$ cat work19.tsv   # TSV, N, CA, C and O atoms
chain	number	residue	atom	x	y	z
A	1	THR	N	98.07	70.25	-47.17
A	1	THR	CA	97.48	69.68	-48.38
A	1	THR	C	97.79	68.19	-48.43
A	1	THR	O	98.96	67.80	-48.33
A	2	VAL	N	96.75	67.37	-48.61
A	2	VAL	CA	96.89	65.92	-48.69
A	2	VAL	C	96.03	65.43	-49.85
A	2	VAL	O	94.96	65.99	-50.13
A	3	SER	N	96.49	64.38	-50.53
A	3	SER	CA	95.85	63.88	-51.74
A	3	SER	C	95.07	62.61	-51.43
A	3	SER	O	95.59	61.70	-50.77
A	4	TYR	N	93.84	62.55	-51.92
A	4	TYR	CA	92.97	61.40	-51.74
A	4	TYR	C	92.67	60.78	-53.09
A	4	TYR	O	92.30	61.50	-54.03
A	5	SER	N	92.82	59.47	-53.19
A	5	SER	CA	92.49	58.72	-54.40
A	5	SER	C	91.19	57.96	-54.17
A	5	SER	O	91.04	57.27	-53.15
A	6	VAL	N	90.27	58.09	-55.11
A	6	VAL	CA	88.96	57.45	-55.03
A	6	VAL	C	88.97	56.27	-55.98
A	6	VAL	O	89.23	56.43	-57.18
A	7	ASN	N	88.69	55.08	-55.46
A	7	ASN	CA	88.65	53.89	-56.29
A	7	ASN	C	87.37	53.91	-57.13
A	7	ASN	O	86.27	54.08	-56.59
A	8	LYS	N	87.52	53.75	-58.44
A	8	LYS	CA	86.36	53.82	-59.33
A	8	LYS	C	85.43	52.63	-59.14
A	8	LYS	O	84.21	52.77	-59.26
A	9	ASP	N	85.98	51.45	-58.84
A	9	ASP	CA	85.15	50.26	-58.65
A	9	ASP	C	84.58	50.21	-57.24
A	9	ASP	O	83.36	50.22	-57.05
A	10	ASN	N	85.45	50.16	-56.23
A	10	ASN	CA	85.00	50.02	-54.86
A	10	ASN	C	84.25	51.26	-54.39
A	10	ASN	O	83.22	51.16	-53.71
A	11	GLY	N	84.75	52.45	-54.75
A	11	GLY	CA	84.21	53.69	-54.23
A	11	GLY	C	84.89	54.20	-52.98
A	11	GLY	O	84.55	55.29	-52.52
A	12	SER	N	85.83	53.44	-52.42
A	12	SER	CA	86.51	53.85	-51.21
A	12	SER	C	87.55	54.93	-51.49
A	12	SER	O	88.05	55.08	-52.61
A	13	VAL	N	87.88	55.68	-50.45
A	13	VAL	CA	88.83	56.78	-50.52
A	13	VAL	C	90.06	56.40	-49.72
A	13	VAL	O	89.95	55.99	-48.56
A	14	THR	N	91.24	56.55	-50.33
A	14	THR	CA	92.50	56.23	-49.67
A	14	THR	C	93.44	57.42	-49.75
A	14	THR	O	93.32	58.26	-50.64
A	15	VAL	N	94.35	57.50	-48.79
A	15	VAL	CA	95.36	58.56	-48.79
A	15	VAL	C	96.49	58.17	-49.72
A	15	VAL	O	97.05	57.08	-49.61
A	16	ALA	N	96.83	59.06	-50.66
A	16	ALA	CA	97.87	58.80	-51.64
A	16	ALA	C	98.99	59.83	-51.55
A	16	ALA	O	99.45	60.37	-52.56
A	17	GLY	N	99.43	60.12	-50.33
A	17	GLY	CA	100.50	61.07	-50.11
A	17	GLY	C	100.00	62.48	-49.87
A	17	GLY	O	98.80	62.77	-49.84
A	18	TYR	N	100.96	63.39	-49.68
A	18	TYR	CA	100.61	64.78	-49.44
A	18	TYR	C	101.79	65.66	-49.82
A	18	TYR	O	102.93	65.20	-49.92
A	19	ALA	N	101.50	66.94	-50.03
A	19	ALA	CA	102.51	67.94	-50.32
A	19	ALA	C	102.27	69.16	-49.45
A	19	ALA	O	101.12	69.53	-49.18
A	20	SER	N	103.36	69.78	-48.99
A	20	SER	CA	103.28	70.96	-48.15
A	20	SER	C	104.24	72.02	-48.67
A	20	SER	O	105.28	71.71	-49.25
A	21	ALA	N	103.86	73.29	-48.48
A	21	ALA	CA	104.71	74.39	-48.92
A	21	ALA	C	106.05	74.37	-48.19
A	21	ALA	O	107.10	74.53	-48.81
A	22	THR	N	106.02	74.17	-46.88
A	22	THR	CA	107.25	74.03	-46.11
A	22	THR	C	107.70	72.57	-46.11
A	22	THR	O	107.08	71.70	-46.72
A	23	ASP	N	108.81	72.30	-45.42
A	23	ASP	CA	109.33	70.94	-45.35
A	23	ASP	C	108.39	70.03	-44.56
A	23	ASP	O	108.12	68.90	-44.98
A	24	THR	N	107.93	70.50	-43.40
A	24	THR	CA	107.00	69.80	-42.51
A	24	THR	C	107.69	68.61	-41.85
A	24	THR	O	107.16	68.02	-40.90
A	25	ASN	N	108.90	68.29	-42.30
A	25	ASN	CA	109.71	67.21	-41.73
A	25	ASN	C	108.92	65.91	-41.60
A	25	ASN	O	109.24	65.05	-40.77
A	26	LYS	N	107.89	65.76	-42.43
A	26	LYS	CA	106.99	64.60	-42.38
A	26	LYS	C	106.39	64.43	-40.98
A	26	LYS	O	106.13	63.30	-40.54
A	27	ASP	N	106.16	65.54	-40.28
A	27	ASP	CA	105.58	65.46	-38.95
A	27	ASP	C	104.09	65.15	-39.01
A	27	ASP	O	103.58	64.33	-38.23
A	28	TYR	N	103.37	65.79	-39.93
A	28	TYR	CA	101.95	65.53	-40.14
A	28	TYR	C	101.69	64.47	-41.19
A	28	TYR	O	100.64	64.48	-41.84
A	29	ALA	N	102.63	63.55	-41.39
A	29	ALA	CA	102.52	62.57	-42.46
A	29	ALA	C	101.51	61.49	-42.10
A	29	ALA	O	101.68	60.81	-41.09
A	30	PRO	N	100.45	61.30	-42.89
A	30	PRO	CA	99.57	60.15	-42.69
A	30	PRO	C	100.02	58.96	-43.52
A	30	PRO	O	100.73	59.09	-44.52
A	31	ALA	N	99.61	57.78	-43.07
A	31	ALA	CA	99.98	56.55	-43.76
A	31	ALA	C	99.35	56.51	-45.15
A	31	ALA	O	98.16	56.82	-45.31
A	32	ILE	N	100.14	56.12	-46.14
A	32	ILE	CA	99.67	56.04	-47.52
A	32	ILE	C	98.94	54.72	-47.73
A	32	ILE	O	99.40	53.66	-47.27
A	33	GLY	N	97.81	54.78	-48.42
A	33	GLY	CA	97.01	53.60	-48.68
A	33	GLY	C	96.03	53.24	-47.58
A	33	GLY	O	95.37	52.20	-47.69
A	34	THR	N	95.92	54.05	-46.54
A	34	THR	CA	94.99	53.78	-45.46
A	34	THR	C	93.60	54.30	-45.82
A	34	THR	O	93.45	55.39	-46.37
A	35	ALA	N	92.58	53.49	-45.52
A	35	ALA	CA	91.21	53.88	-45.82
A	35	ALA	C	90.83	55.15	-45.08
A	35	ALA	O	91.22	55.36	-43.93
A	36	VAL	N	90.08	56.01	-45.75
A	36	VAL	CA	89.65	57.28	-45.18
A	36	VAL	C	88.26	57.10	-44.58
A	36	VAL	O	87.36	56.56	-45.22
A	37	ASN	N	88.10	57.55	-43.34
A	37	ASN	CA	86.85	57.40	-42.60
A	37	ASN	C	86.28	58.76	-42.24
A	37	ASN	O	87.00	59.75	-42.12
A	38	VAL	N	84.96	58.79	-42.05
A	38	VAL	CA	84.25	60.01	-41.66
A	38	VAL	C	83.98	59.94	-40.17
A	38	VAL	O	83.36	58.99	-39.68
A	39	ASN	N	84.42	60.96	-39.44
A	39	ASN	CA	84.21	61.02	-38.01
A	39	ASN	C	82.72	61.16	-37.69
A	39	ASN	O	81.89	61.43	-38.57
A	40	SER	N	82.39	60.99	-36.41
A	40	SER	CA	81.01	61.17	-35.98
A	40	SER	C	80.55	62.60	-36.21
A	40	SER	O	79.42	62.84	-36.65
A	41	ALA	N	81.42	63.57	-35.93
A	41	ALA	CA	81.10	64.97	-36.19
A	41	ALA	C	81.02	65.28	-37.68
A	41	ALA	O	80.42	66.29	-38.06
A	42	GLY	N	81.60	64.43	-38.53
A	42	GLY	CA	81.56	64.63	-39.97
A	42	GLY	C	82.88	64.99	-40.60
A	42	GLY	O	82.91	65.27	-41.81
A	43	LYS	N	83.97	65.00	-39.84
A	43	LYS	CA	85.28	65.35	-40.39
A	43	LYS	C	85.91	64.14	-41.09
A	43	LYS	O	85.32	63.06	-41.18
A	44	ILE	N	87.12	64.34	-41.59
A	44	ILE	CA	87.90	63.29	-42.22
A	44	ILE	C	88.95	62.80	-41.24
A	44	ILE	O	89.74	63.60	-40.71
A	45	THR	N	88.96	61.50	-40.98
A	45	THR	CA	89.86	60.93	-39.98
A	45	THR	C	90.17	59.49	-40.35
A	45	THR	O	89.29	58.76	-40.81
A	46	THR	N	91.43	59.09	-40.16
A	46	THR	CA	91.85	57.73	-40.47
A	46	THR	C	91.53	56.73	-39.36
A	46	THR	O	91.66	55.52	-39.57
A	47	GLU	N	91.12	57.20	-38.18
A	47	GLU	CA	90.83	56.31	-37.07
A	47	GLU	C	89.56	55.52	-37.35
A	47	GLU	O	88.54	56.09	-37.76
A	48	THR	N	89.61	54.21	-37.11
A	48	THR	CA	88.47	53.36	-37.42
A	48	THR	C	87.33	53.57	-36.43
A	48	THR	O	86.17	53.70	-36.82
A	49	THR	N	87.65	53.63	-35.14
A	49	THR	CA	86.65	53.68	-34.09
A	49	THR	C	86.73	55.01	-33.35
A	49	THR	O	87.82	55.49	-33.03
B	1	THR	N	73.82	53.61	-79.71
B	1	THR	CA	74.78	53.91	-78.66
B	1	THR	C	74.03	53.99	-77.34
B	1	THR	O	73.05	54.72	-77.22
B	2	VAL	N	74.51	53.23	-76.36
B	2	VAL	CA	73.91	53.20	-75.03
B	2	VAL	C	74.84	53.94	-74.08
B	2	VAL	O	76.05	53.68	-74.05
B	3	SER	N	74.28	54.87	-73.31
B	3	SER	CA	75.04	55.66	-72.37
B	3	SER	C	74.77	55.17	-70.95
B	3	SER	O	73.60	55.02	-70.55
B	4	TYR	N	75.83	54.89	-70.21
B	4	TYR	CA	75.76	54.39	-68.85
B	4	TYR	C	76.27	55.46	-67.90
B	4	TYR	O	77.31	56.08	-68.16
B	5	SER	N	75.53	55.69	-66.82
B	5	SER	CA	75.90	56.64	-65.79
B	5	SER	C	76.52	55.88	-64.62
B	5	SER	O	75.95	54.89	-64.15
B	6	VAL	N	77.68	56.34	-64.16
B	6	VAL	CA	78.40	55.71	-63.07
B	6	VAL	C	78.24	56.57	-61.83
B	6	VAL	O	78.61	57.75	-61.83
B	7	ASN	N	77.70	55.97	-60.77
B	7	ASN	CA	77.57	56.67	-59.49
B	7	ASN	C	78.90	56.57	-58.75
B	7	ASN	O	79.29	55.49	-58.30
B	8	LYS	N	79.58	57.70	-58.61
B	8	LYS	CA	80.91	57.72	-58.02
B	8	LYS	C	80.90	57.48	-56.51
B	8	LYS	O	81.97	57.27	-55.93
B	9	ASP	N	79.73	57.51	-55.87
B	9	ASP	CA	79.68	57.27	-54.43
B	9	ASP	C	79.99	55.82	-54.10
B	9	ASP	O	80.79	55.53	-53.20
B	10	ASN	N	79.38	54.88	-54.83
B	10	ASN	CA	79.58	53.46	-54.57
B	10	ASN	C	80.14	52.69	-55.76
B	10	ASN	O	80.63	51.58	-55.56
B	11	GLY	N	80.08	53.24	-56.97
B	11	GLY	CA	80.54	52.54	-58.15
B	11	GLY	C	79.47	51.82	-58.94
B	11	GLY	O	79.80	51.15	-59.92
B	12	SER	N	78.21	51.93	-58.53
B	12	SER	CA	77.13	51.28	-59.26
B	12	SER	C	76.93	51.93	-60.62
B	12	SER	O	77.04	53.15	-60.77
B	13	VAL	N	76.64	51.10	-61.62
B	13	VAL	CA	76.47	51.55	-63.00
B	13	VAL	C	75.02	51.31	-63.41
B	13	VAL	O	74.51	50.19	-63.27
B	14	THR	N	74.37	52.35	-63.92
B	14	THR	CA	72.99	52.27	-64.37
B	14	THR	C	72.90	52.67	-65.84
B	14	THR	O	73.87	53.16	-66.43
B	15	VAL	N	71.73	52.47	-66.42
B	15	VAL	CA	71.46	52.79	-67.81
B	15	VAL	C	70.77	54.14	-67.87
B	15	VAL	O	69.72	54.34	-67.26
B	16	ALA	N	71.38	55.08	-68.60
B	16	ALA	CA	70.82	56.43	-68.72
B	16	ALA	C	71.25	57.00	-70.06
B	16	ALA	O	72.38	57.48	-70.20
B	17	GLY	N	70.35	56.96	-71.04
B	17	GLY	CA	70.61	57.57	-72.33
B	17	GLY	C	70.73	56.60	-73.49
B	17	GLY	O	71.49	55.63	-73.44
B	18	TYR	N	69.98	56.87	-74.56
B	18	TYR	CA	69.99	56.04	-75.76
B	18	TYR	C	70.06	56.94	-76.98
B	18	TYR	O	69.31	57.92	-77.07
B	19	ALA	N	70.95	56.62	-77.91
B	19	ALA	CA	71.11	57.39	-79.13
B	19	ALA	C	71.06	56.45	-80.33
B	19	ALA	O	71.62	55.36	-80.29
B	20	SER	N	70.37	56.88	-81.39
B	20	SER	CA	70.27	56.08	-82.60
B	20	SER	C	70.40	56.99	-83.81
B	20	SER	O	69.79	58.06	-83.87
B	21	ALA	N	71.20	56.55	-84.79
B	21	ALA	CA	71.33	57.28	-86.04
B	21	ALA	C	70.10	57.13	-86.92
B	21	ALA	O	69.96	57.89	-87.89
B	22	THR	N	69.22	56.19	-86.62
B	22	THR	CA	67.95	56.00	-87.31
B	22	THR	C	66.82	56.16	-86.30
B	22	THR	O	67.04	56.36	-85.11
B	23	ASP	N	65.58	56.08	-86.80
B	23	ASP	CA	64.43	56.14	-85.91
B	23	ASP	C	64.42	54.97	-84.94
B	23	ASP	O	64.29	55.15	-83.73
B	24	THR	N	64.53	53.75	-85.48
B	24	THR	CA	64.78	52.53	-84.72
B	24	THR	C	63.56	52.14	-83.88
B	24	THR	O	63.50	51.04	-83.33
B	25	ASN	N	62.56	53.02	-83.83
B	25	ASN	CA	61.34	52.80	-83.04
B	25	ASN	C	61.65	52.42	-81.59
B	25	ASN	O	60.84	51.79	-80.91
B	26	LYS	N	62.84	52.80	-81.12
B	26	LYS	CA	63.31	52.44	-79.78
B	26	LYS	C	63.24	50.93	-79.55
B	26	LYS	O	62.85	50.46	-78.48
B	27	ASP	N	63.62	50.17	-80.57
B	27	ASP	CA	63.61	48.71	-80.45
B	27	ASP	C	64.65	48.23	-79.45
B	27	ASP	O	64.37	47.33	-78.65
B	28	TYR	N	65.85	48.80	-79.48
B	28	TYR	CA	66.94	48.39	-78.62
B	28	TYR	C	67.19	49.37	-77.48
B	28	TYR	O	68.31	49.45	-76.98
B	29	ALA	N	66.17	50.12	-77.07
B	29	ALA	CA	66.34	51.11	-76.02
B	29	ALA	C	65.79	50.57	-74.71
B	29	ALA	O	64.56	50.47	-74.57
B	30	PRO	N	66.63	50.21	-73.75
B	30	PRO	CA	66.11	49.84	-72.43
B	30	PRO	C	65.58	51.05	-71.68
B	30	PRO	O	65.95	52.20	-71.96
B	31	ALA	N	64.70	50.78	-70.72
B	31	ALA	CA	64.20	51.84	-69.86
B	31	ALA	C	65.34	52.44	-69.05
B	31	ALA	O	66.16	51.72	-68.48
B	32	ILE	N	65.39	53.77	-69.00
B	32	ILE	CA	66.47	54.43	-68.27
B	32	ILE	C	66.31	54.21	-66.77
B	32	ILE	O	65.22	53.96	-66.26
B	33	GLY	N	67.44	54.28	-66.07
B	33	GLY	CA	67.44	54.09	-64.63
B	33	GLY	C	67.46	52.65	-64.17
B	33	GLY	O	67.20	52.40	-62.99
B	34	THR	N	67.74	51.71	-65.06
B	34	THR	CA	67.79	50.29	-64.72
B	34	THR	C	69.23	49.87	-64.49
B	34	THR	O	70.09	50.09	-65.35
B	35	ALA	N	69.50	49.29	-63.32
B	35	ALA	CA	70.85	48.86	-62.98
B	35	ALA	C	71.31	47.76	-63.93
B	35	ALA	O	70.60	46.77	-64.13
B	36	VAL	N	72.48	47.94	-64.53
B	36	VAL	CA	73.02	46.98	-65.48
B	36	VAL	C	73.95	46.02	-64.74
B	36	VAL	O	74.59	46.38	-63.75
B	37	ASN	N	74.00	44.79	-65.22
B	37	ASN	CA	74.82	43.74	-64.63
B	37	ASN	C	75.72	43.13	-65.69
B	37	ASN	O	75.79	43.60	-66.83
B	38	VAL	N	76.43	42.07	-65.31
B	38	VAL	CA	77.34	41.36	-66.19
B	38	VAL	C	76.84	39.93	-66.36
B	38	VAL	O	76.58	39.24	-65.37
B	39	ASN	N	76.72	39.49	-67.61
B	39	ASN	CA	76.22	38.16	-67.90
B	39	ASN	C	77.26	37.11	-67.52
B	39	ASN	O	78.36	37.42	-67.04
B	40	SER	N	76.90	35.84	-67.72
B	40	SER	CA	77.83	34.75	-67.44
B	40	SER	C	79.04	34.80	-68.36
B	40	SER	O	80.17	34.52	-67.94
B	41	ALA	N	78.83	35.16	-69.63
B	41	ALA	CA	79.90	35.24	-70.61
B	41	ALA	C	80.70	36.53	-70.52
B	41	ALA	O	81.58	36.76	-71.37
B	42	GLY	N	80.43	37.38	-69.54
B	42	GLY	CA	81.13	38.64	-69.39
B	42	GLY	C	80.52	39.80	-70.13
B	42	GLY	O	81.07	40.91	-70.06
B	43	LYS	N	79.42	39.60	-70.85
B	43	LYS	CA	78.79	40.69	-71.57
B	43	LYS	C	78.08	41.63	-70.61
B	43	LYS	O	77.79	41.30	-69.46
B	44	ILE	N	77.80	42.84	-71.10
B	44	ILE	CA	77.08	43.86	-70.34
B	44	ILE	C	75.61	43.70	-70.67
B	44	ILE	O	75.19	43.90	-71.81
B	45	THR	N	74.81	43.34	-69.67
B	45	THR	CA	73.42	42.98	-69.91
B	45	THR	C	72.59	43.40	-68.70
B	45	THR	O	73.11	43.58	-67.60
B	46	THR	N	71.28	43.57	-68.92
B	46	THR	CA	70.40	44.14	-67.92
B	46	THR	C	69.67	43.12	-67.06
B	46	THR	O	69.37	43.42	-65.90
B	47	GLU	N	69.37	41.93	-67.58
B	47	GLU	CA	68.59	40.97	-66.81
B	47	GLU	C	69.48	40.21	-65.84
B	47	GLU	O	70.67	39.98	-66.09
B	48	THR	N	68.89	39.81	-64.71
B	48	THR	CA	69.62	39.16	-63.63
B	48	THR	C	69.36	37.66	-63.55
B	48	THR	O	69.81	37.03	-62.59
B	49	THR	N	68.64	37.08	-64.51
B	49	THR	CA	68.30	35.66	-64.45
B	49	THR	C	69.55	34.78	-64.50
B	49	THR	O	69.88	34.11	-63.52
$ encode --input "work19.tsv" --output "structure tokens"
Amino acid sequence: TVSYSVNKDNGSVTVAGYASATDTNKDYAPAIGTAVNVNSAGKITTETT
Amino acid sequence: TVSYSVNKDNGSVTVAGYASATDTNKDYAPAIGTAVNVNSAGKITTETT
């Protein structure tokens, strides 16, 4: 589970942290405040290119 | 009372909905679906001149 914040003015989506049932040791931790991008296949991915 | 619809995809604000406690003959009712802008003085206004 990861939380996305949508800017009301810009319309962009950013990662605003995440919560997991287990500890997860922050292994799957994505960077907070990074712009959210749509992959070519249509998934959600932080990679620009 | 003027009702504005906000498109959450990009943040654009349009005019959609007019309410009047009197008949008002729709004197102050702009056509719905017109993109609203901000005047020089910061007011909320429809013309782009």
$ closest_atom_pairs --input "work19.tsv" --of "chain B" --to "chain A" --cutoff "5 Å" --atoms "all atoms listed in the file" --output "tab-separated table"
residue	atom	partner	partner_atom	distance
B:8	O	A:11	CA	4.6
B:9	O	A:11	O	3.8
B:10	O	A:10	O	3.2
B:11	CA	A:9	O	3.8
$ closest_residue --input "work19.tsv" --among "B:42, B:49, B:26, B:31" --to "residue 14 in chain B" --atoms "only C-alpha atoms"
B:31
$ select_by_dssp --input "work19.tsv" --residues "chain B" --states "strand (DSSP E)" --output "JSON list (two decimals) with N, CA, C and O atoms, in the frame of the given file"
[["chain", "number", "residue", "atom", "x", "y", "z"],
["B", 2, "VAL", "N", 74.51, 53.23, -76.36],
["B", 2, "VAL", "CA", 73.91, 53.20, -75.03],
["B", 2, "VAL", "C", 74.84, 53.94, -74.08],
["B", 2, "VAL", "O", 76.05, 53.68, -74.05],
["B", 3, "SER", "N", 74.28, 54.87, -73.31],
["B", 3, "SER", "CA", 75.04, 55.66, -72.37],
["B", 3, "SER", "C", 74.77, 55.17, -70.95],
["B", 3, "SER", "O", 73.60, 55.02, -70.55],
["B", 4, "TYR", "N", 75.83, 54.89, -70.21],
["B", 4, "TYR", "CA", 75.76, 54.39, -68.85],
["B", 4, "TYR", "C", 76.27, 55.46, -67.90],
["B", 4, "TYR", "O", 77.31, 56.08, -68.16],
["B", 5, "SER", "N", 75.53, 55.69, -66.82],
["B", 5, "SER", "CA", 75.90, 56.64, -65.79],
["B", 5, "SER", "C", 76.52, 55.88, -64.62],
["B", 5, "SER", "O", 75.95, 54.89, -64.15],
["B", 6, "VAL", "N", 77.68, 56.34, -64.16],
["B", 6, "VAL", "CA", 78.40, 55.71, -63.07],
["B", 6, "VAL", "C", 78.24, 56.57, -61.83],
["B", 6, "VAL", "O", 78.61, 57.75, -61.83],
["B", 13, "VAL", "N", 76.64, 51.10, -61.62],
["B", 13, "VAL", "CA", 76.47, 51.55, -63.00],
["B", 13, "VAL", "C", 75.02, 51.31, -63.41],
["B", 13, "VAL", "O", 74.51, 50.19, -63.27],
["B", 14, "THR", "N", 74.37, 52.35, -63.92],
["B", 14, "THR", "CA", 72.99, 52.27, -64.37],
["B", 14, "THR", "C", 72.90, 52.67, -65.84],
["B", 14, "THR", "O", 73.87, 53.16, -66.43],
["B", 15, "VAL", "N", 71.73, 52.47, -66.42],
["B", 15, "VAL", "CA", 71.46, 52.79, -67.81],
["B", 15, "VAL", "C", 70.77, 54.14, -67.87],
["B", 15, "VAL", "O", 69.72, 54.34, -67.26],
["B", 16, "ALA", "N", 71.38, 55.08, -68.60],
["B", 16, "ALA", "CA", 70.82, 56.43, -68.72],
["B", 16, "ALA", "C", 71.25, 57.00, -70.06],
["B", 16, "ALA", "O", 72.38, 57.48, -70.20],
["B", 17, "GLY", "N", 70.35, 56.96, -71.04],
["B", 17, "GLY", "CA", 70.61, 57.57, -72.33],
["B", 17, "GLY", "C", 70.73, 56.60, -73.49],
["B", 17, "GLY", "O", 71.49, 55.63, -73.44],
["B", 18, "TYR", "N", 69.98, 56.87, -74.56],
["B", 18, "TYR", "CA", 69.99, 56.04, -75.76],
["B", 18, "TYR", "C", 70.06, 56.94, -76.98],
["B", 18, "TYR", "O", 69.31, 57.92, -77.07],
["B", 37, "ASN", "N", 74.00, 44.79, -65.22],
["B", 37, "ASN", "CA", 74.82, 43.74, -64.63],
["B", 37, "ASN", "C", 75.72, 43.13, -65.69],
["B", 37, "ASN", "O", 75.79, 43.60, -66.83],
["B", 38, "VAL", "N", 76.43, 42.07, -65.31],
["B", 38, "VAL", "CA", 77.34, 41.36, -66.19],
["B", 38, "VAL", "C", 76.84, 39.93, -66.36],
["B", 38, "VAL", "O", 76.58, 39.24, -65.37],
["B", 44, "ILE", "N", 77.80, 42.84, -71.10],
["B", 44, "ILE", "CA", 77.08, 43.86, -70.34],
["B", 44, "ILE", "C", 75.61, 43.70, -70.67],
["B", 44, "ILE", "O", 75.19, 43.90, -71.81],
["B", 45, "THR", "N", 74.81, 43.34, -69.67],
["B", 45, "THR", "CA", 73.42, 42.98, -69.91],
["B", 45, "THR", "C", 72.59, 43.40, -68.70],
["B", 45, "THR", "O", 73.11, 43.58, -67.60]]
$ residues_around --input "work19.tsv" --residues "residue 2 in chain A" --least-positions-apart "6" --cutoff "8 Å" --atoms "all atoms listed in the file" --output "VMD selection string"
chain A and resid 14 to 20 28
$ atom_distance --input "work19.tsv" --atom1 "atom O of residue 34 in chain B" --atom2 "CA of residue 5 in chain A"
26.4 Å
$ atom_distance --input "work19.tsv" --atom1 "atom C of residue 39 in chain A" --atom2 "atom N of residue 27 in chain A"
24.0 Å
$ atom_distance --input "work19.tsv" --atom1 "atom N of residue 24 in chain A" --atom2 "CA of residue 1 in chain A"
11.6 Å
